[PDB]
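Enquirer: Have a peek at input-v5.cif (mmCIF, C-alpha atoms and all ligand atoms).
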data_input
loop_
_atom_site.label_atom_id
_atom_site.label_comp_id
_atom_site.auth_asym_id
_atom_site.auth_seq_id
_atom_site.Cartn_x
_atom_site.Cartn_y
_atom_site.Cartn_z
CA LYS A 1 -141.47 16.63 -79.94
CA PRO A 2 -139.58 18.88 -77.45
CA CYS A 3 -136.64 16.87 -76.16
CA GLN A 4 -133.59 17.35 -73.95
CA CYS A 5 -129.92 17.26 -74.86
CA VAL A 6 -129.25 14.06 -72.87
CA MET A 7 -125.68 15.30 -72.50
CA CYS A 8 -126.19 18.67 -70.80
CA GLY A 9 -129.94 18.86 -70.17
CA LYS A 10 -130.65 21.72 -72.57
CA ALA A 11 -134.19 21.28 -73.86
CA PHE A 12 -135.54 22.68 -77.12
CA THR A 13 -139.04 23.07 -78.52
CA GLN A 14 -137.77 21.68 -81.82
CA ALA A 15 -136.49 18.10 -81.81
CA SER A 16 -134.27 18.45 -84.84
CA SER A 17 -132.59 21.59 -83.52
CA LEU A 18 -132.06 19.53 -80.38
CA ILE A 19 -130.41 16.69 -82.30
CA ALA A 20 -127.99 19.16 -83.88
CA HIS A 21 -127.27 20.57 -80.42
CA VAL A 22 -126.84 17.15 -78.79
CA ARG A 23 -124.40 16.14 -81.54
CA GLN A 24 -122.06 18.87 -80.29
CA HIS A 25 -121.15 16.94 -77.14
CA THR A 26 -120.77 13.78 -79.17
CA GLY A 27 -118.55 15.20 -81.88
CA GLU A 28 -118.32 16.35 -85.47
CA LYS A 29 -119.05 14.19 -88.52
ZN ZN A 101 -126.09 20.13 -74.89
#
Produce structure tokens that represent the structure in this file.
Expert:
Amino acid sequence: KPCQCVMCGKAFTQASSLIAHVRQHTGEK
């Protein structure tokens, strides 16, 4: 499901690509 990077508001048509993106504001592993 298309979701939004809760951090910056960037939305993507692919949820998993989103998750990778949203992790960027959170931090590395
Ligand atoms: Zn973002």
Enquirer: Can you find the residues with an atom no farther than 12 Å from (-140.5, 18.6, -75.5), counting only C-alpha atoms, and report them as a PyMOL selection string?
Expert: chain A and resi 1-5+9-18
Enquirer: Near residue A:7, counting all atoms listed in the file, which residues have an atom at most 9 Å away, once you skip same-chain residues fewer than 5 positions from it, shown as an MDAnalysis selection string?
Expert: chainID A and resid 22 25:26
Enquirer: Using the file's own x, y and z axes, what box holds all listed atoms of stretch 13-23 of chain A with 4 Å on each side, keeping edges along x, y and z, and what are its centre and edge lengths in Å to one decimal, as lines of an AutoDock Vina configuration file?
Expert:
center_x = -131.7
center_y = 19.6
center_z = -81.7
size_x = 22.6
size_y = 14.9
size_z = 14.3
